[PDB]
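Some notes on the structure that comes next.
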Amino acid sequence: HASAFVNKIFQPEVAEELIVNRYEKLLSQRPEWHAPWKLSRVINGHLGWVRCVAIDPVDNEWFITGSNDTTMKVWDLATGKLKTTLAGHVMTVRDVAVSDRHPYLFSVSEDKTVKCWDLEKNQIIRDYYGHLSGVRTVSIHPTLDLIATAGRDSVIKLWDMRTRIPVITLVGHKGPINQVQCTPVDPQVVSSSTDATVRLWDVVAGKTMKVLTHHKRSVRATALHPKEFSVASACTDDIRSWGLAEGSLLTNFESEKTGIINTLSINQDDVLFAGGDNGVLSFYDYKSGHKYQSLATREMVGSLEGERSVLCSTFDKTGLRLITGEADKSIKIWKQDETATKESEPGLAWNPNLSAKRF
Amino acid sequence: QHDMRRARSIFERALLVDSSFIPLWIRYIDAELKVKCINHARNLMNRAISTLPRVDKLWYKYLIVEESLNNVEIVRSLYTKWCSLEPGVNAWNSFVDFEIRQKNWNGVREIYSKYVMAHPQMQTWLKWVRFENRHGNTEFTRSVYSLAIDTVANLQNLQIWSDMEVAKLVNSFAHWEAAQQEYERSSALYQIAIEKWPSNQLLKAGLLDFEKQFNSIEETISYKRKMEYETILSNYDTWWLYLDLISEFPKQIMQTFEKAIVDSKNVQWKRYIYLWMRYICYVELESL
Amino acid sequence: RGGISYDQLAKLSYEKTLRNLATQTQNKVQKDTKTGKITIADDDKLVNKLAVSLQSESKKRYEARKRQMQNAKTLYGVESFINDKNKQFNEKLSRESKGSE
Amino acid sequence: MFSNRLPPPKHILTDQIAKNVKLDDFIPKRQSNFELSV
Numbered sequence: 093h094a095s096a097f098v099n100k101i102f103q104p105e106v107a108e109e110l111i112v113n114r115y116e117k118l119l120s121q122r123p124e125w126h127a128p129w130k131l132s133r134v135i136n137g138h139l140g141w142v143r144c145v146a147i148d149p150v151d152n153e154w155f156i157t158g159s160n161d162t163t164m165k166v167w168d169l170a171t172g173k174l175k176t177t178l179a180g181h182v183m184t185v186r187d188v189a190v191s192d193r194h195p196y197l198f199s200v201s202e203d204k205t206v207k208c209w210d211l212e213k214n215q216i217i218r219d220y221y222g223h224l225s226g227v228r229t230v231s232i233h234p235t236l237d238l239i240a241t242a243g244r245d246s247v248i249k250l251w252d253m254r255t256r257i258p259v260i261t262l263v264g265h266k267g268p269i270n271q272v273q274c275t276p277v278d279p280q281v282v283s284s285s286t287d288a289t290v291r292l293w294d295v296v297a298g299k300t301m302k303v304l305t306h307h308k309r310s311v312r313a314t315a316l317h318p319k320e321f322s323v324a325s326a327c328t329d330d331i332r333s334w335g336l337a338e339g340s341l342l343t344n345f346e347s348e349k350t351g352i353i354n355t356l357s358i359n360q361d362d363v364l365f366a367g368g369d370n371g372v373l374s375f376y377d378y379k380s381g382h383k384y385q386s387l388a389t390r391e392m393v394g395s396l397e398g399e400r401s402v403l404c405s406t407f408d409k410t411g412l413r414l415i416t417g418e419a420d421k422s423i424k425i426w427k428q429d430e431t432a433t434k435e436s437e438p439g440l441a442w443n444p445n446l447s448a449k450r451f
Numbered sequence: 078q079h080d081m082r083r084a085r086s087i088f089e090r091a092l093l094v095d096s097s098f099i100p101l102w103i104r105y106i107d108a109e110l111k112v113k114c115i116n117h118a119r120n121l122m123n124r125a126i127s128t129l130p131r132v133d134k135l136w137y138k139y140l141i142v143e144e145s146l147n148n149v150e151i152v153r154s155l156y157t158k159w160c161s162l163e164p165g166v167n168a169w170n171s172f173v174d175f176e177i178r179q180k181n182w183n184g185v186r187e188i189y190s191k192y193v194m195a196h197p198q199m200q201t202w203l204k205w206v207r208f209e210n211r212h213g214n215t216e217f218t219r220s221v222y223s224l225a226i227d228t229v230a231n232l233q234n235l236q237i238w239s240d241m242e243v244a245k246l247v248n249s250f251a252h253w254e255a256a257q258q259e260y261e262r263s264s265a266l267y268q269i270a271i272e273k274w275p276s277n278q279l280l281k282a283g284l285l286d287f288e289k290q291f295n296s297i298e299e300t301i302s303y304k305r306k307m308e309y310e311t312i313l314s315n320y321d322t323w324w325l326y327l328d329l330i331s332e334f335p336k337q338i339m340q341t342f343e344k345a346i347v348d349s356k357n358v359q360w361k362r363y364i365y366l367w368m369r370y371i372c373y374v375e376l377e381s382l
Numbered sequence: 092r093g094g095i096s097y098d099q100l101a102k103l104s105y106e107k108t109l110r111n112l113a114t115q116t117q118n142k143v144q145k146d147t148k149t150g151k152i153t154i155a156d157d158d159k160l161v162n163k164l165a166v167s168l169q170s171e172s173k174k175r176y177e178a179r180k181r182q183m184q185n186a187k188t189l190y191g192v193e194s195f196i197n198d199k200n201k202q203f204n205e206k207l208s209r210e211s212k213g214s215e
Numbered sequence: 001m002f003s004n005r006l007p008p009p010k011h029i030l031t032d033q034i035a036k037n038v039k040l041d042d043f044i045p046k047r048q049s050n051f052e053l054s055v
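Chains as they are written, first to last, in the deposited numbering: chain D, 93 to 451; chain T, 78 to 291, 295 to 315, 320 to 332, 334 to 349, 356 to 377, 381 to 382; chain R, 92 to 118, 142 to 215; chain E, 1 to 11, 29 to 55.
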């Protein structure tokens with residue numbers, strides 16, 4: 093066809109190298125359809141920004157969220173009601189993580205502390221010590237009883253969970269770390285700092301497997317994909333997807349003119365959320381990169397204009413329900429809108445741009 | 078203090094804090110060069126362009142230094158690697174200027190033959206056009222034009238080029254063939270290009286400009305319909325309907342006059364009264 | 092025309108230096147496979163010209179900035195100040211506020 | 001072929034510059050084919 097006409101005359105040494113081939117393939121490639129989202133309920137009840145949210149990884153009945161009034165709250169998922177409250181930090185709670193192997197709530201905060209809550213009695217069991225400034229990140233290891241935390245300290249600490257010893261410290265970056273993800277096979281810790289790198293760590297050796305330098309600014313949000321063994325890293329308008337165990341660039345997402353991207357999330361069936369600092373929440377296909385819905389969060393009654401921005405988000409365990417917490421100190425739930433079909437709500441029609449040379 | 082080893086260690090310690098900072102890289106390259114240590118600066122410029130490949134000033138620094146020493150094979154190899162990474166048009170225009178200054182006329186065609194694939198627009202094809210008119214034969218320029226126009230007609234399933242861009246290409250083809258006294262080929266070119274793309278009105282205006290410069297009623301009808309769309313977008321429309329009814334055929338003018346009567356606050360009411368009066372008079376010349 | 096980017100100022104500086112190099116012109143490789151090192155055989159001249167070119171250009175730019183300092187230090191017609199650094203700060207405020215509105 | 005519808009006219030160290038940077042570290046791998054077995 094047309095690529096035969098190009099290839100026989102211009103004669104590239106590699107057919108994959110030439111840009112008309114890599115642009116003709118994307119037009120013939122035809123992504124998958126996904127359903128459009130909507131707002132379902134809105135939950136008030138904090139006294140400051142909703143900085144972080146986590147979901148029950150077992151029963152899917154409650155979701156906890158920490159905040160900027162230094163308290164965490166456990167809300168009922170199905171009805172939206174407030175079950176209980178937890179205090180024990182003096183500055184704000186940056187990230188929460190509930191374990192799936194033991195009944196433990198590891199909370200992290202800006203007052204330089206890392207704590208372990210029992211959920212069988214709702215009290216603090218274990219405090220952890222060693223961060224020079226305020227930690228902003230908790231992941232929990234899938235099979236090894238570890239905590240990985242990080243902050244403005246520019247290192248990653250891999251705490252033993254029994255003896256609470258800072259066993260392994262990963263010293264690589266050149267700035268505060270925004271995200272740390274744990275991974276069960278040898279790229280075991282995947283982190284992302286504010287010096288525009290994303291690193292894949294060998295925790296046994298102590299050095300880096302591979303540094304990913306493709307982003308231009310600070311990487312503020314990452315996400316692991318539940319069924320793929322791949323990671324997604326967001327930037328100030330640059331969402332990319334990376335393979336682990338090699339470090340490939342699998343796909344670039346058409347994510348231009350969306351502002352500072354605070355959070356990411358990935359559904360089971362290849363949806364990628366990316367909430368932004370400009371109050372715009374945009375939904376992507378994962379395997380393709382096509383942005384098929386954009387929405388705007390109407391903030392509140394007497395709020396400001398700057399006060400609408402999604403600071404945190406997660407998906408439900410079944411995956412059909414999005415939980416965001418915005419900067420207007422409120423919690424908003426989003427829903428898949430079951431009625432629409434492929435003909436009723438198509439999307440944004442998949443017109444990749446040869447200009448911006450990113451596709 | 079004329080101690081160069083301590084200055085090197087200080088510049089390296091300075092790079093370990095902040096590698097994003099370009100004036101530090103430039104001072105350390107210059108501080109090697111001014112003391113006449115060219116191989117240290119070659120190692121340093123290598124480490125600079127391989128550390129930060131998307132920075133333009135570092136590659137151009139290494140190209141200045143290899144020009145100033147008169148190493149033309151190194152400058153050709155440097156632009157070859159520098160063009161290999163899909164840079165952008167400043168790097169390509171620099172390399173075509175280098176291979177003009179070296180008077181390697183055979184190589185500039187190879188550079189443009191890769192440069193029309195690294196950047197497809199008509200401005201790059203037209204740059205290779207102008208080079209082939211300046212330093213090539215009639216036959217080379219003709220083959221370059223043909224290789225332009227057949228790829229443009231082929232690759233519309235991708236939609237790279239807009240309408241004005243295709244019209245600019247076809248106008249260049251035609252006026253150059255008219256300069257080469259092939260009037261038949263030019264008129265046939267406009268026939269085939271109007272046939273291939275029906276709606277590119279810029280190409281049709283290029284045809285009419287060529288045929289007026291070197295038929296008439298169709299031109300009046302097309303220009304009147306374009307001016308009528310322009311005056312409907314501006315609003320005026322009554323004179324448009326009058327010029328359409330003078331041009332028309335007339336059933337479309339009558340239905341457009343009924344649409345304009347639908348389209349019809357002092358000058359507003361005056362234009363409405365005039366349009367309704369003229370439409371009713373044109374209906375009375377041709381009860382209910 | 093306004094502010095110019097870095098990818099454009101880089102090319103204009105490259106082209107000015109090549110223009111200088113053409114008017115200045117008007118007036142091999144050995145790979146040792148034992149180590150892997152490349153020795154390029156460059157002439158002693160055109161290295162001296164490169165070094166003297168960089169030295170003379172830096173001295174020219176240095177003296178131009180030095181003369182600009184005195185001619186900007188004479189003119190007191192900006193605003194009232196109390197030392198040598200307040201004068202520069204107030205001239206910065208004049209330059210921003212005249213251009214803004 | 002657009003051209004055939006027209007009438008005829010009647011009258029050494031290259032691989033040593035930057036070995037670390039390559040083009041294929043820029044191209045995403047799932048660009049060409051989607052549905053790739055990662």
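Backbone N, C-alpha and C fix where the C-beta goes; we use that ideal spot for every residue, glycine too.
Inset, instruction - With residue 242(T) as the anchor, note down where its beta strand (DSSP E) starts and where it stops. - result: Premise fails: residue 242(T) lies in the alpha helix (DSSP H), 240–256, not in any beta strand (DSSP E).
Inset, instruction - Starting from the C-beta of residue 221(T), find all residues in its chain whose C-beta is less than 7 Å away, skip the five residues before and the five after it, and write them out in chain order. - result: 205, 206 and 209
Inset, instruction - Identify the continuous alpha helix (DSSP H) that holds residue 175(T) and give its terminal residues. - result: 166–178
Inset, instruction - Run the CB neighbour count on residue 179(D), radius 10 Å, all protein chains shown included, and call it buried at 16 or more, exposed below. - result: exposed
Legend entry - residue 241(D), enclosing beta strand (DSSP E) - first and last residue: 238–243
Inset, instruction - Show which residues of chain E have a CB atom less than 8 Å away from the CB atom of residue 152(R). - result: 30 and 33
Legend entry - Proximal residues of chain T, C-beta to C-beta of residue 7(E) below 7 Å: 261, 262 and 265
Legend entry - Cα-Cα separation, residue 147(R) to residue 104(D): 33 Å
Inset, instruction - Report the option in 268(D), 417(D), 438(D) and 129(D) whose CA atom is closest to the CA atom of residue 139(D). - result: 417(D)
Inset, instruction - Give the interface partners of residue 130(T) over in chain E, defined as CB-CB distance under 8 Å, in chain order. - result: 35 and 38
Inset, instruction - Would you mind telling me which residues of chain E sit closer than 9 Å to residue 288(T), beta carbon to beta carbon, in chain order? - result: Ordered by position in chain E, no residue passes the 9 Å Cβ test against residue 288(T), which lies about 17 Å from the chain.
Inset, instruction - Tell me, please, whether the region 419–438 of chain D touches the region 119–131 of chain D by the rule of three or more beta-carbon pairs shorter than 8 Å. - result: yes
Inset, instruction - Measure the C-alpha to C-alpha separation of residue 102(T) and residue 129(T) and round it to an integer number of angstroms. - result: 11 Å
Legend entry - the region 395–414 of chain D in contact with the region 354–362 of chain D per 3-pair CB rule at 8 Å: yes
Inset, instruction - Decide if residue 113(D) is buried, meaning its Cβ has at least 16 other Cβ atoms within 10 Å, or exposed. - result: buried
Inset, instruction - Determine the DSSP secondary structure at residue 52(E), reduced to helix, strand or coil. - result: coil
Inset, instruction - Taking only the alpha-carbon atoms, compute the straight-line gap between residue 170(D) and residue 207(R) and give it to the nearest angstrom. - result: 58 Å
Inset, instruction - Assign residue 93(R) to one of three DSSP states: helix, strand, or coil. - result: coil
Legend entry - Interface flag, residue 194(T) vs chain D, CB-CB below 8 Å: yes
Legend entry - Residue closest to residue 340(D), alpha-carbon to alpha-carbon, out of 50(E), 51(E) and 42(E): 42(E)
Inset, instruction - State the Cα-Cα distance for the pair residue 386(D) and residue 198(T), rounded to the nearest angstrom. - result: 31 Å
Legend entry - Span of the beta strand (DSSP E), counted from its first residue to its last, around residue 258(D): 258–262
Inset, instruction - State yes or no: is the C-beta of residue 148(D) within less than 8 Å of the C-beta of residue 190(D)? - result: yes
Inset, instruction - Measure the C-alpha to C-alpha separation of residue 46(E) and residue 446(D) and round it to an integer number of angstroms. - result: 17 Å
Inset, instruction - Give, in chain order, every residue of the region 40–54 of chain E whose Cβ lies closer than 9 Å to some Cβ of chain D. - result: 40, 41, 42, 43, 44, 45, 46, 47, 48, 49, 50, 51, 52 and 53
Inset, instruction - List the endpoints of the continuous beta strand (DSSP E) containing residue 157(D). - result: 154–158
Inset, instruction - Compute the distance between the beta-carbons of residue 144(T) and residue 132(T), then report whether it is under 8 Å. - result: no
Inset, instruction - Kindly indicate the opening and closing residues of the beta strand (DSSP E) around residue 301(D). - result: 300–304
Inset, instruction - May I ask you to verify whether the region 286–298 of chain D touches the region 257–276 of chain D, counting CB pairs closer than 8 Å and requiring at least 3? - result: yes
Legend entry - One or two residues paired with residue 208(D) in a DSSP bridge: 198(D) and 218(D)
Legend entry - Given residue 134(T) as reference, the closest of 92(R), 105(R), 93(R) and 94(R) once Cα atoms are compared: 105(R)
Inset, instruction - Report back the beta-carbon spacing between residue 347(D) and residue 330(D) to the nearest angstrom; my notes put them in contact at under 8 Å. - result: 7 Å
Inset, instruction - In angstroms with no decimal places, state the Cα-to-Cα distance between residue 444(D) and residue 451(D). - result: 7 Å
Inset, instruction - Give the straight-line distance between the Cα atoms of residue 321(T) and residue 341(T), rounded to the nearest whole angstrom. - result: 10 Å
Inset, instruction - Please classify residue 371(D): is it buried, with 16 or more other beta-carbons within 10 angstroms of its beta-carbon, or exposed? - result: buried
Inset, instruction - Would you verify that the beta carbon of residue 237(T) is, or is not, closer than 8 Å to some beta carbon of chain D? - result: yes
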